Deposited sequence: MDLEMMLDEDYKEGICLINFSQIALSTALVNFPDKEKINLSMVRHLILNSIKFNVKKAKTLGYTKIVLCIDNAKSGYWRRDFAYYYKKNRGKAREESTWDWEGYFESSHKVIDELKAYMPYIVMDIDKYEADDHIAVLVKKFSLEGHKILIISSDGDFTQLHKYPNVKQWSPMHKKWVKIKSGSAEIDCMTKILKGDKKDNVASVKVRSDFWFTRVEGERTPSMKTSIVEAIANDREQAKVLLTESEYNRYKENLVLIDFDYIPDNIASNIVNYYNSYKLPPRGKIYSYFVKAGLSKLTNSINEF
């Protein structure tokens, strides 16, 4: 019938785990990253499958050549051994593609949020029960779709939020500094070209919610300048505004993914000196 599908924001989980586990001012090698990633996978796949989500899809961030959203906004997204991590992680990722039984959504200029947002929408409407393994609040945009639950790996609690529309509209109107998305009250590339004497005019909550409940209010409550910014930020924030060609690519990639036979896992575990994991293959 319809298999339970679990979509994992892995790039976040792996890195976040690495930041917490790998001590500062200590170099990070390939094995350290390998152990961490595979253990992270084992722990999360077991949480998913136990709940009924038996198909696992690993979603990876890939900004080797930037982001597709940058085509719309150039400013988009413009001690610890970071080099050592990214270096080893990319190598372990390629290994997961070659031996592990998971579909690894990895497209250059594509975000993990893209793969999740698109695939969640696709398989949700297709009758599958979906599980999003991530703490990211942006994925509350996807809770509106039937049979969609979200599990926070770090806090080990369910993510349940109407309030999703307000959360989404808040970033659309006020912006999202972390991604260089600016408020509609200021110029598009504000965060990238901001001088010092510059601050962003505040956005009253009453308007944020009014537009949240009825987006046609974006025409009556926003000035023409702000409305133009509003439309721009839609493509940057709202998952629904992911271009058809982008989602089309994401889907095609998924459907064209060939999984490696499970016989590969064992020989790989040994090849990587993970002998004390071959007795846990059933957990992968």
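Asker: Quick one: where does the model skip the deposited sequence?
Answerer: Counting from residue 1, the stretches without coordinates are 1 to 10, 89 to 97, 181 to 182.
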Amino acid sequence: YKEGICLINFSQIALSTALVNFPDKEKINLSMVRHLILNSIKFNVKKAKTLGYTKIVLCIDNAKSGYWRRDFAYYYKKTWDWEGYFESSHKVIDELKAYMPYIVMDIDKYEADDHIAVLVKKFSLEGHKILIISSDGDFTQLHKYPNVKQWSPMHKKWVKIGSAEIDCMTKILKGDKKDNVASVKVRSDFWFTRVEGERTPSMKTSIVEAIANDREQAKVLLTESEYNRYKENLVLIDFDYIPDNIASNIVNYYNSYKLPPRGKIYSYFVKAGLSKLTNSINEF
From here on, numbers count along this sequence of modelled residues.
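Asker: Using only the Cα atoms and their B-factors as the entry lists them, report which of 8 to 16 and 261 to 269 averages higher.
Answerer: Mean C-alpha B-factor is greater for 261 to 269.
Asker: Tell me which stretch, 39 to 47 or 24 to 32, has the higher mean Cα B-factor listed in the entry.
Answerer: It is 24 to 32 that shows the higher mean C-alpha B-factor.
Asker: In terms of CA temperature factor as recorded, identify the highest of 106, 113, 126, 167.
Answerer: Of 106, 113, 126, 167, 126 has the highest C-alpha B-factor.
Asker: If you check the C-alpha B-factor for each of 195, 118, 210, 186 in the entry, which is highest?
Answerer: It is 195.
Asker: Could you tell me which third, lowest, middle or highest, the C-alpha B-factor of residue 77 occupies within its chain?
Answerer: Bottom third by C-alpha B-factor.
Asker: Split the chain's modelled residues into thirds by Cα B-factor; is residue 249 in the lowest, middle or highest one?
Answerer: Residue 249: CA B-factor falls in the highest third of its chain.
Asker: When the deposited Cα B-factors of this chain's modelled residues are ordered and cut into thirds, is residue 85 in the lowest, the middle or the highest one?
Answerer: Within its chain, residue 85 is a highest-third residue by C-alpha B-factor, going by the deposited values.
Asker: Which third, lowest, middle or highest, does the CA B-factor of residue 102 fall in along this chain?
Answerer: Within its chain, residue 102 is a middle-third residue by C-alpha B-factor, going by the deposited values.
Asker: Going by what the PDB entry lists, where does residue 233 fall on CA B-factor within its chain: lowest, middle or highest third?
Answerer: Lowest third, going by the recorded CA B-factors of the chain.
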